[PDB]
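Trainee: Mind looking over this structure? Questions follow.
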Amino acid sequence: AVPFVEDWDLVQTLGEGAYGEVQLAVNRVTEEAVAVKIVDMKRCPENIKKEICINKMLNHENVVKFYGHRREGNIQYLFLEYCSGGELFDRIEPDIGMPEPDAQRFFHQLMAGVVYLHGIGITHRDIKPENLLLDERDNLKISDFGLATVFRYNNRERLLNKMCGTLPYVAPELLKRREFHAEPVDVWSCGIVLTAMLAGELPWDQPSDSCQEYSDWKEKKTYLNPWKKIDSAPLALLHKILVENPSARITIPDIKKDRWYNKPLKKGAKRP
Ligand SMILES: N#Cc1ccc2c(-c3cc4cc(CN5CCC(CN)CC5)ccc4[nH]3)n[nH]c2c1
């Protein structure tokens, strides 16, 4: 009905990437803001097609909302939820981290999103601060499903084998075994994100015996650089998440029962 509702203006560039760029778009009439992921297909047909399919089946408060997409020649346009607060990455002070109560709150929200995804059979495969966005009220939302895939269909689990992710956040089994369960891998990456939030640094370049940092952790030398800055309660949770054997690694239902996870720390928003 309203004559100019379909027109959007490109205000600025939110972030560039290998496949393309994401820009802020504002509705001409309503001034509603949305992020537009512009991926130049000419440079991937297979990748982007799957990303749209996965986005179409997602609906959760801790997952970046999908509004739709447009073909238009050889350029895909993904209309997504605009998260005013930016990336979690920018809330992590180098070598410091952030206040423990804020990290706990962000972690709770991250667990909520991951539980949702896993419940519908999808694994993200690239969880890291750069892909965890914040809205106006600092609510965390999982974004970028370009590397995501379905690991459970018709109630039957499919073991994964493709090398996906970012080295500092990837689980050790991804580098050691041919096949592996999807869920423990996302749990591990959430553990590395927690470490980053509480220490402002990544523990190792990759989870392999060759990395001195990784071997030290296995030998329980928690008096070293990253771990010494954390505090026993959350550190005990990390000891359960960053376990090399994925079969022995803590599951999300048990993380929800962890002492630190349920420790009162935060305070609500001043004057709601
Ligand atoms: N999939 C996906 C997907 C990727 C990114 C985004 C964003 C996004 C990125 C971003 C970056 C900054 C911080 N910047 C903005 C740019 C400015 C320079 N022009 C410097 C400060 C502030 C707000 C903000 N919001 N919202 N939704 C999605 C979905």
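Each chain of the structure tokens is named A, B, ... in the order shown, its residues numbered from 1; ligands are numbered from 1 in display order.
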Enumerate residues in contact with ligand 1: an atom-to-atom distance of at most 8 Å, counting only C-alpha atoms and all ligand atoms. Format the result as a PyMOL selection string.

Mentor: chain A and resi 12-15+22-24+34-37+64+80-87+131+133-134+143-146

Trainee: Take the selection from the previous step and output its residues with C-alpha atoms, as a PDB file, in the first residue's frame.

Mentor:
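Resulting contents of out-v6.pdb:
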ATOM      1  CA  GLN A  12      27.693   2.555   5.775  1.00  0.00           C
ATOM      2  CA  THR A  13      29.918  -0.518   5.697  1.00  0.00           C
ATOM      3  CA  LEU A  14      29.576  -2.709   8.780  1.00  0.00           C
ATOM      4  CA  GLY A  15      32.339  -5.156   7.930  1.00  0.00           C
ATOM      5  CA  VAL A  22      27.922  -6.382   4.970  1.00  0.00           C
ATOM      6  CA  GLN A  23      26.390  -2.915   4.933  1.00  0.00           C
ATOM      7  CA  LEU A  24      23.850  -1.030   7.017  1.00  0.00           C
ATOM      8  CA  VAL A  34      18.835  -4.083   8.671  1.00  0.00           C
ATOM      9  CA  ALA A  35      22.203  -5.532   7.743  1.00  0.00           C
ATOM     10  CA  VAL A  36      22.657  -6.583   4.133  1.00  0.00           C
ATOM     11  CA  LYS A  37      25.216  -9.262   3.395  1.00  0.00           C
ATOM     12  CA  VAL A  64      20.642 -13.230  14.054  1.00  0.00           C
ATOM     13  CA  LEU A  80      19.538  -9.875   8.235  1.00  0.00           C
ATOM     14  CA  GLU A  81      18.935  -8.482  11.703  1.00  0.00           C
ATOM     15  CA  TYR A  82      21.028  -5.380  12.417  1.00  0.00           C
ATOM     16  CA  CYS A  83      22.870  -5.632  15.730  1.00  0.00           C
ATOM     17  CA  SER A  84      23.667  -2.100  16.914  1.00  0.00           C
ATOM     18  CA  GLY A  85      26.242  -3.184  19.502  1.00  0.00           C
ATOM     19  CA  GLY A  86      28.711  -4.663  17.035  1.00  0.00           C
ATOM     20  CA  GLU A  87      30.895  -7.713  17.608  1.00  0.00           C
ATOM     21  CA  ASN A 131      30.578 -13.937  14.817  1.00  0.00           C
ATOM     22  CA  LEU A 133      26.974  -9.838  17.737  1.00  0.00           C
ATOM     23  CA  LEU A 134      25.285  -7.576  20.257  1.00  0.00           C
ATOM     24  CA  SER A 143      25.735 -14.866  13.226  1.00  0.00           C
ATOM     25  CA  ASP A 144      27.170 -16.070   9.911  1.00  0.00           C
ATOM     26  CA  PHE A 145      25.901 -19.494   8.894  1.00  0.00           C
ATOM     27  CA  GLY A 146      28.114 -19.800   5.852  1.00  0.00           C
TER      28      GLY A 146
END

Trainee: Excluding region 217-227 of chain A and its own-chain neighbours fewer than 5 positions away, which residues fall within 9 Å of it when counting only C-alpha atoms? Please give them as a PyMOL selection string.

Mentor: chain A and resi 95+195-196+198-203+212+235+239+243-244

Trainee: Kindly indicate which residue among A:38, A:148, A:252, A:44 lies nearest to residue 184 (chain A), using only C-alpha atoms for the distances.

Mentor: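 Closest to residue 184 (chain A), using only C-alpha atoms: A:252.
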
Trainee: Would you list the contacts of region 156-159 of chain A as a list in words, taking every protein, DNA or RNA residue within 7 Å and counting only C-alpha atoms, but skipping same-chain residues closer than 6 positions in sequence?

Mentor: residues 179, 180, 181 and 182 of chain A

Trainee: Using the selection just defined, write its residues with N, CA, C and O atoms as an mmCIF file, in the first residue's frame.

Mentor:
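Heads up, here's the output in selection_5.cif:
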data_model
loop_
_atom_site.group_PDB
_atom_site.id
_atom_site.type_symbol
_atom_site.label_atom_id
_atom_site.label_comp_id
_atom_site.auth_asym_id
_atom_site.auth_seq_id
_atom_site.Cartn_x
_atom_site.Cartn_y
_atom_site.Cartn_z
ATOM 1 N N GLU A 179 36.633 -38.683 11.352
ATOM 2 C CA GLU A 179 35.231 -38.381 11.637
ATOM 3 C C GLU A 179 35.076 -37.960 13.089
ATOM 4 O O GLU A 179 35.831 -38.393 13.954
ATOM 5 N N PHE A 180 34.077 -37.128 13.354
ATOM 6 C CA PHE A 180 33.839 -36.648 14.704
ATOM 7 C C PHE A 180 32.423 -36.114 14.849
ATOM 8 O O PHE A 180 31.794 -35.710 13.870
ATOM 9 N N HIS A 181 31.925 -36.134 16.078
ATOM 10 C CA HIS A 181 30.595 -35.636 16.389
ATOM 11 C C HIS A 181 30.599 -34.111 16.289
ATOM 12 O O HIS A 181 31.570 -33.457 16.658
ATOM 13 N N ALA A 182 29.499 -33.557 15.799
ATOM 14 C CA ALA A 182 29.372 -32.122 15.621
ATOM 15 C C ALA A 182 29.287 -31.333 16.920
ATOM 16 O O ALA A 182 30.039 -30.384 17.131
#

Trainee: So, with only C-alpha atoms as the atoms that count, which of A:264, A:191, A:272, A:165 lies closest to residue 240 (chain A)?

Mentor: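 When distances to residue 240 (chain A) are compared using only C-alpha atoms, the smallest one comes from A:191.
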
Trainee: Which is closer to residue 189 (chain A) than all the others in A:1, A:120, A:114, A:25, using only C-alpha atoms?

Mentor: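 Nearest to residue 189 (chain A): A:114.
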
Trainee: Considering only strand (DSSP E or B) as DSSP defines it on the backbone, what residues of region 6-241 of chain A qualify? List them as an MDAnalysis selection string.

Mentor: chainID A and resid 8:16 20:27 33:40 63 66:70 75:81 86:87 93 97 122:123 132:134 140:142 149:150 152:153 156:157 160 180
